[PDB]
Amino acid sequence: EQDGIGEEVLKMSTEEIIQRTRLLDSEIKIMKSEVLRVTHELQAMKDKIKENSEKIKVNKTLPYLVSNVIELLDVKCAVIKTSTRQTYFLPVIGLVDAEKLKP
Amino acid sequence: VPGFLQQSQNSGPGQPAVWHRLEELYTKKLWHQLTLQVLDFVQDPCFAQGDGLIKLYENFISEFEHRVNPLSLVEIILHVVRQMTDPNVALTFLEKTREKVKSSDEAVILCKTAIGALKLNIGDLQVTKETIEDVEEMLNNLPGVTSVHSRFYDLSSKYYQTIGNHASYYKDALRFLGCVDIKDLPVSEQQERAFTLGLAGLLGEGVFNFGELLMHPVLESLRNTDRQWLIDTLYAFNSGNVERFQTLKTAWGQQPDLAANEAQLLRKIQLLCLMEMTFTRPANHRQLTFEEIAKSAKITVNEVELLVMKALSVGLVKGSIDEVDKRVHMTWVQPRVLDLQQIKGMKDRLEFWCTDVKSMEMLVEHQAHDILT
Amino acid sequence: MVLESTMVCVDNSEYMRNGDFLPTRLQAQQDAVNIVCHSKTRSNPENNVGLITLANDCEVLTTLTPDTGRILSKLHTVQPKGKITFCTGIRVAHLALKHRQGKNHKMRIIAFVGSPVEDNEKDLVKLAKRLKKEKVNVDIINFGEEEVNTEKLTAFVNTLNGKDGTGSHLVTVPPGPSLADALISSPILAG
Amino acid sequence: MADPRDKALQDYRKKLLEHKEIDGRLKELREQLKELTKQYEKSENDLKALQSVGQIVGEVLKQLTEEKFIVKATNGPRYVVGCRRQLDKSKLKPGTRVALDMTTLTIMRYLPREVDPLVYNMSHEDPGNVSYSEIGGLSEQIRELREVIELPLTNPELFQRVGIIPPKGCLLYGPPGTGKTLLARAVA
Amino acid sequence: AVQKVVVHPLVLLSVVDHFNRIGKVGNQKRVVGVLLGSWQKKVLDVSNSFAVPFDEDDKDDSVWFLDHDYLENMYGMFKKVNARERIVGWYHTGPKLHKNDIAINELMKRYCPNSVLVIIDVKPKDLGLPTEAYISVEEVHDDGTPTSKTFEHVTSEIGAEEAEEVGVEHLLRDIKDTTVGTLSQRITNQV
Ligand SMILES: Nc1ncnc2c1ncn2[C@@H]1O[C@H](COP(=O)(O)OP(=O)(O)O)[C@@H](O)[C@H]1O
């Protein structure tokens, strides 16, 4: 805070009307610009994650087949035998994490 | 602040009509006719000693500014920093005025050209190439200003006084004078621009002469009276002859930078006469004899093989060489302008080609009409 | 309750980057957009308001919708960097209003002129008699610095609606000191 | 406020309380949009994940022609199939494991084989590490071990100078407890 | 960098009917709509499209109307029923193309960066012309030349997947240009 007082000592008509506008006027115009850009993009993307979550809700629907994961691969990949005694493959697993799964 | 110009009213002639008009404009807080008025003062050719007397007022402009286009604001401070005439504090003053608008208006790119405009005179290598390079890193997404490339050439024009900037200057001298359009300044600077343009393609490596510049008006309309030897030696290149008289008379005319590269002159024309003697006969007998090269290029017999392997190496021809007959076969792929009177002969080739297609199509259709169906 | 299609026309030229109106001429015309969009909304929940610019291009950034929140969002980052082009601004507002999805609405245009316009007197009176053959009321409200009541502006307003027409006001402002109180005096209830 | 050093000091000490207050919440808005973009990334992964079909596991019995194969499902019948475009038909050998389309029924992707977990006993234990510094006093046999085992697989050029083959293998005979496994584990 | 575009035969087909939709009021002689796509590689794919209200004036040829709001919602519909598909560009007809196509393209490049346009030829359908597609690049023009736009061309083709050849082969039923030809078939290919 020494330079805060000390720059008010040296140049009394050179930056007291000037520096205390220029980096504050350019601050507040960019702050006025970027307080509304992010806020509008916040509210828009809450709506899109709402609509996607409603979309996943409809296509994630009972009844379910049960099965048992036999093994797990990555080239994330799983080989699944159903309790219909049928072995399927899927390259993409779905609404879990692969690391959270176990055979 | 109004009295600041009431006491600094002098050196602008017609003092009431421009200074009392001035204190109308910023006291109504307008900033465009004000900007046109201050642009009118600085564009005025005077000594303009009051740059320090106006930069306090220009700081007074930037006090209650809050609106003003930094494009024209930096366009007028580059004349002010031209008037300062002391490059040591001028760079520090420029970078302060550069950083005061880091906003979305790209005048920072022409600040960097204004850096090298004062730095290709002092400190000429270490960051001049960097302020060369940084501009086309940012010269992107927008050809609409075109003063961005205009001033980017202006540092490259000062970069012409380096060693290896002859063809790269020549490529950029077309880029500038293509992107700027109007003539907007007299012959007495433009004809020297054409003069250094003709020498830059003369010394340039990949260029042969790159014709239609002979068609391009900024040399033929501007040097049709003086330096006609350069238009003459561009005639001899685009007409490909040795023509030893006038292609020596350019060395009689041009004393610097031409005798030092006279070997490269004779090197270029002896591989430029090739792509016209193969242009003469239209591949009916393109098997050219070696003596015709030794006659036209007036080179000896033993050098024509290194001469044609050179033009094959550069890639302006894709022929081959036999030596049991010492004749040169020619399959040629480097085309150029063909001078509208020879579009006429090109039309007649196309019509003979046209009627041979149509006639013996009708012979086939009439012959096999019964089984075509 | 009345069915019309309001096409507000703002300026974002260079000549709005100055301050004869004390906060900002943009904020002066932005608050003018606030009071006209709330007026047409509260007069009828069945009308619709779309915006059109005129500087350097004419962009139809919001279409003629009864929504207003998108319009208020597009009022920001307007970037007043252009140059006024006005003869195409009516023509891009009229053929916008021939693409109306509700073709029972009336047609009314309001326009914000905060720049000196440079146009032939012949071009606008061809546009004025075009609107006479097309029945569109246009409200021209002058802002910014003001070459006030030109032969261009007055004869266009007159030939907009002659022989007991609407009364589309060629609204003039004091350049600076004074808010949109005169802007809500006559046209917002008696156009 | 033109030039009193007291009031122009207070000219920005009313401003700096504002201009940092408007800057404080904005980086918070930067953080909240950053977390929402991370959450939107997970949603779009699931929109990709929702559209997959699932495949049929089978094995190739033989190859008939350049495009006709004979495969067999794990529990079902035999079939005649083809490739997709570029599935490297030389790599499909009789006995490999493949994955079939559900409806089009042709081969999508081949798979390696990881059968009968008795032989799956090589991935749970360690190779060591033992690096000939733990083993004691048996080095004369250790050097004789390393020529016939280590030097073939590391260094075949020596066996091509004189001209000699052998990767063969040893027999370790000796009463139990001494070294009969560590020498195997050290060279492994 | 586009190798070639692949025209699915529902899109052209869904242009010709929409030209016939407005043909009862037909005075525009051009139809502009939105071209959905599926970008896979340097080769492009198109399999769906729709239309959009558009008008154009012969005088000054620079007052034109793509509808953004109609382009927002109906693409939001086709995204909802099929999330595989997205926009890749737009189309028009009338092979003597209006020079306004710089302005149409540079608007809706804010929807797709490498936007692309395909010209179909509804009425000229006779000699050798299925369609035509352009690509948008902008140099200055050349070395010592002024600025320009210069639409460039990418070659095109008509594609085919299963369960549209089923729709094709059931709809020909007359001559079909039958499978692998006889003597008469090859000679006509030479004719
Ligand atoms: N020479 C040696 N150096 C290091 N460790 C040894 C040595 N001899 C025996 N041991 C120890 O004795 C244990 C038994 O060795 P092991 O190889 O299992 O016996 P066997 O050879 O009968 O299988 C090992 O854990 C090893 O640590």
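Any read-out appearing in this document is the output of simple, stated calculations on the displayed coordinates, not a laboratory observation. Positions of Cβ are generated from backbone atoms using ideal geometry, with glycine treated the same way; all protein chains shown enter the neighbour counts.
Rounded to the nearest whole Hz, the Karplus-based 3J(HN,Hα) values (6.51 cos²θ - 1.76 cosθ + 1.60, θ = phi - 60°) of the range D:123-130 follow the sequence 10, 9, 8, 9, x, x, 9, 10, with x at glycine and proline.
Cβ-to-Cβ counts within 10 Å put B:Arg98, E:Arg84, C:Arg130 in ascending order as E:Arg84, C:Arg130, B:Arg98, the fewest first.
Working note: Cα atoms of the range B:231-373, range along each principal axis, descending, whole Å: 78, 39, 22. Computed over Cα pairs, the Kirkwood radius of the range A:11-57 leads via Stokes-Einstein (0.692 mPa s, 37 °C) to a diffusion coefficient of 241 µm² per second. Computed from Cα atoms, the angle from the helix B:51-63 axis to the main principal axis of chain B rounds to 80 degrees. Comparing Cα centroids, the range B:205-283 and the range E:55-94 end up 55 angstrom apart.
Ignoring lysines fewer than eight residues from D:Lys27 along the same chain, the ones with Cα atoms less than 18 angstrom from its Cα are A:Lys29, A:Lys32, D:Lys38. Based on alpha-carbon centroids, what's the gap between the range A:1-41 and the range C:7-62 in Å, whole number please? Their Cα centres are 30 Å away from one another.
Legend: residue pairs C:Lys74/E:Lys109; C:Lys74/C:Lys133; B:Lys100/D:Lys20; C:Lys106/E:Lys29, Cα-Cα distance threshold 25 Å; pairs beyond threshold, C:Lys74/C:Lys133; C:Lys106/E:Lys29.
Stokes-Einstein diffusion for the range C:25-94 at 10 °C, viscosity 1.306 mPa s, with a Kirkwood radius from C-alpha pairs, works out to 123 µm²/s. Note on A:40-51: average number of Cβ atoms from other chains within 10 Å of each residue's Cβ is 3. Quick note on the range B:291-373: its Rg to Rh ratio, both from C-alpha atoms and Rh being the Kirkwood radius, is 1.26. Helix D:139-154 sits at what angle to the longest principal axis of chain D, using alpha carbons and giving 0 to 90 degrees rounded to 10? Orientation of helix D:139-154: about 70 degrees from the principal axis. As a proxy for reagent exposure, E:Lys125, C:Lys106 were ordered by neighbouring Cβ count within 10 angstrom, fewest first; the result is E:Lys125, C:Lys106.
Projecting the Cα positions of C:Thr53, E:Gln190, B:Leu36 onto the charge dipole of the protein assembly as shown (unit charges on Cβ atoms of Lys, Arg, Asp and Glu, taken about the Cα centre) puts E:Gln190 furthest along the positive direction. Given the range C:3-186, report the % of alpha carbon pairs whose separation exceeds 30 Å. Tail of the P(r) past 30 Å holds 12 percent of the pairs.
Each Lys and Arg Cβ is given +1 and each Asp and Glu Cβ -1; about its Cα centre, the protein assembly as shown then shows a dipole of about 3080 debye. Here B:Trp31, B:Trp353 are placed in order of increasing Cβ neighbour count within 10 Å, fewest first, which gives B:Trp353, B:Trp31. Charge dipole of the range B:140-255 (Cα centre as origin; +1 on each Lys and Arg Cβ, -1 on each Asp and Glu Cβ, all else neutral): 160 debye, rounded to the nearest 20. With a 10 Å cut-off around each Cβ of B:56-63, the average count of Cβ atoms from other chains is 2.
Per the Kirkwood formula applied to alpha carbons, the range E:55-179 shows a radius of gyration over Rh ratio, Rg over Rh, of 1.03.
For the cross-link pairs C:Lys135/E:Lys79; C:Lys83/C:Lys129; A:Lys60/A:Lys81; A:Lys76/D:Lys34; A:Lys48/C:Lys98; C:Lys98/C:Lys152, the ones whose C-alpha atoms lie over 29 Å apart are C:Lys135/E:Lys79; A:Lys48/C:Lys98. Of all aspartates and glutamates in the structure, the ones whose alpha carbon falls short of 12 Å from that of C:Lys103, not counting any fewer than 8 places away in one chain, are C:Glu4.
Among B:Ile132, E:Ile158, C:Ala28, flag the residue with its Cα farthest along the positive direction of the charge dipole of the protein assembly as shown, charges on Cβ as +1 for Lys/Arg and -1 for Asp/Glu. Of the candidates, E:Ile158 comes out farthest on the positive side. With a Förster radius of 41 Å applied to the beta-carbon distance between C:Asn149 and D:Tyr40, the computed FRET efficiency rounds to 0.15. Counting Cα-Cα pairs of the protein assembly as shown in 10 Å increments starting at 0 gives whole-percent bin shares of 1, 7, 11, 14, 16, 15, 15, 12, 7, 3, 1, 0, 0.
Taking the Cα centre of chain B as reference, the dipole from Cβ charges on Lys and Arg (+1) and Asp and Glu (-1) amounts to some 380 debye. Contact order, relative form, for chain B: 7 percent (alpha carbon pairs under 8 Å, 6 or more residues apart, mean separation divided by residue count). Computed over Cα pairs, the Kirkwood radius of chain B leads via Stokes-Einstein (0.692 mPa s, 37 °C) to a diffusion coefficient of 126 µm² per second.
The helix-based estimate of mean residue ellipticity at 222 nm for chain B, built from -39,500 (n - 2.57) per DSSP H run of four or more residues and divided by its residue count, is -17000 deg cm²/dmol to the nearest 500. Its convex hull of Cα atoms gives chain D a direction-averaged projected area, equal to a quarter of the hull surface, of 29.7 nm². Rounded to whole numbers, the Karplus 3J(HN,Hα) couplings from phi for the range B:172-181 are 7, 5, 6, 5, 4, 6, x, 6, 6, 10 Hz, using 6.51 cos²θ - 1.76 cosθ + 1.60 with θ = phi - 60°, and x at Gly and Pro. Taken along its three principal axes, the alpha carbon spread of the range E:26-75 comes to 41, 24, 20 Å, from the longest extent down to the shortest.
Between the alpha-carbon centres of the range D:64-89 and the range D:102-155 there is a gap of 33 Å. Highest average first, the peptides B:178-188, A:12-22 ordered by how many other beta carbon atoms sit within 10 Å of their residues are A:12-22, B:178-188.
Here's the list of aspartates and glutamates a cross-link from B:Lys129 could span, going by alpha-carbon distance under 14 Å and ignoring same-chain residues fewer than 8 apart: B:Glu137, B:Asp154. Since only C:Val78, C:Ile141, C:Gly102 are under comparison, the one whose Cα sits farthest along the positive direction of the charge dipole of chain C, derived from C-beta charges on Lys, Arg, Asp and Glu, is C:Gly102.
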